[PDB]
Trainee: 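Okay, handing you the structure first.
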Number of protein chains: 2
Amino acid sequence: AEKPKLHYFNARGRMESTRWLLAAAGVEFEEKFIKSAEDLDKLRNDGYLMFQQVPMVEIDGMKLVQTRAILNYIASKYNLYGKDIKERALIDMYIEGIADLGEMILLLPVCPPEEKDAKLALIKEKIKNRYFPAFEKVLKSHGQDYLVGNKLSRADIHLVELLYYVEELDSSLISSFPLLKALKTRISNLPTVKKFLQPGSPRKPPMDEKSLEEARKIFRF
Amino acid sequence: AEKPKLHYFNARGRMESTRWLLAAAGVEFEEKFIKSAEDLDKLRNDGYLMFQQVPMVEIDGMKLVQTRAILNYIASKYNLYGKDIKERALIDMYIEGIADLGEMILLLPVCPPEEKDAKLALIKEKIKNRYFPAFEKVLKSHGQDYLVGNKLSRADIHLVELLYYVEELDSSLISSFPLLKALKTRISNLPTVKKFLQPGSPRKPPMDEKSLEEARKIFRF
Ligand SMILES: N[C@@H](CCC(=O)N[C@@H](CS)C(=O)NCC(=O)O)C(=O)O
Ligand SMILES: N[C@@H](CCC(=O)N[C@@H](CS)C(=O)NCC(=O)O)C(=O)O
């Protein structure tokens, strides 16, 4: 059928978790970068963005917007959303925790200059005291290589992605969590994920001041 | 069986959409209201809350936290999450838009007072120009009574709940959307929803200043 086509700007932002999930699933996809406000405005005008926002992914005849809609579909299509309703419940609880922490970190460079330092410290206390203990506890509960059902799921991929971002923020936050470190290593060594982590893949770099200014002139904030 | 048990404070907050969904489904439930910081410490120390937060719902032997994990489980169990993964994609896309708008409205009372006037204006412009147009377009395109699949789903319930909140904010905003007004009426007349809407149900009132102070006392924010 059609190769999925990912519409976003040339940055991580809200599309990166999708690039991770598709890559991990071994699914070939294409990207179409929005480079100007005019590119975005054409997509809006032409009715391809339900809420006038991206990310948008063209897949299986849909113009799918909303990150969780995109990810839920891709996870189901490629058997990374568990085997039944009860496994999906555990997966959803786990990844919604990942989303909450992820969202905090995502928005840190948006924080007013004089609130930024205190926001970082609150994120670090949450990582150390709430999120990393919760996920370490799951991995210690069963002692297995994957978070849910002894099988690779989206939860492992989303979690490992976030451990990369936490590492960029402060490399010591993970030090007291040996099962999380071991998960990061194993998932990073899955053939598909390894290729994703290697140069020339669609994986995107940390946003710098000049990619931030591009966001500003496209999405106008 | 055993009725779902909903752990939250006696208020709408992040638990109201689950009350709406269970009620719509015809599912009888129990609530255990958190009334003190001590009540919450106890849920936390007892290991009931994966990320130390509520909502939490005890259902079918699980202690489910995270709103979306709770709702996704309920919706699948009671056949309100569509017939296959493509209808689920449409439902997710729609309801995530509803979630974004809902979140703006939910958080409005905690907006810095200096920001409330401008933000309320932005929210009304997004209702009139972004969200209501998107759902009216979906309804106009297929001419059917329900958002997805010509059949009741969670999307119809979540949207109608939101239409009630928008009506609370400003009753004029829906005026130029006849299809949304018709959806509101039809759904509000389904026996389960009609009963939920009548005095005496578990439906909660608008958060006032004192319910908000209660929350500060309990969650120490
Ligand atoms: N809840 C949405 C949020 C999407 C979103 O905020 N997109 C931004 C780009 S990251 C956007 O298009 N902003 C333009 C606008 O809101 O008008 C999702 O997760 O997909
Ligand atoms: N993404 C979570 C958010 C949960 C949340 O923020 N819960 C609040 C109460 S509405 C809480 O328990 N706060 C206490 C805390 O975070 O320490 C969900 O949707 O369930």
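Atoms within each ligand, like the ligands themselves, are counted from 1 in listed order. Below, chain A is the first sequence line, B the second, and so on; all start at residue 1.
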Trainee: Kindly say whether the aromatic ring centers of B:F51 and A:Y131 come within a distance under 6.0 Å.
Mentor: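 Aromatic pair counts; centres sit under 6.0 Å.
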Trainee: Below 4.0 Å from any atom of ligand 1, which residues have a heavy atom? Give them in chain and number order, please.
Mentor: A:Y8, A:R14, A:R44, A:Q53, A:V54, A:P55, A:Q66, A:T67, A:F219, B:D100, B:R130
Trainee: Do the side-chain N and O atoms of B:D39 and B:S36 include a donor-acceptor pair separated by under 3.5 angstrom?
Mentor: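 Distance-only check passes for B:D39 and B:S36.
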Trainee: Do the two ring centres, one from B:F135 and one from B:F177, sit under 6.0 Å apart?
Mentor: no
Trainee: Who are the side-chain hydrogen bond (donor to acceptor under 3.5 Å, both in side chains) partners of B:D156, not counting sequence neighbours?
Mentor: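 Partners of B:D156 by the side-chain hydrogen bond (donor to acceptor under 3.5 Å, both in side chains) criterion come out as none, since no residue qualifies.
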Trainee: Under a 3.5 Å distance rule, please check whether B:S175 uses its side chain to pair with a backbone N or O of B:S172 as donor and acceptor.
Mentor: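 Yes, B:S175 side chain to B:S172 backbone: donor-acceptor pair under 3.5 Å.
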Trainee: Can you confirm whether B:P202 sits close enough to B:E31 that some side-chain heavy atom of one is under 4.5 Å from a side-chain heavy atom of the other?
Mentor: yes
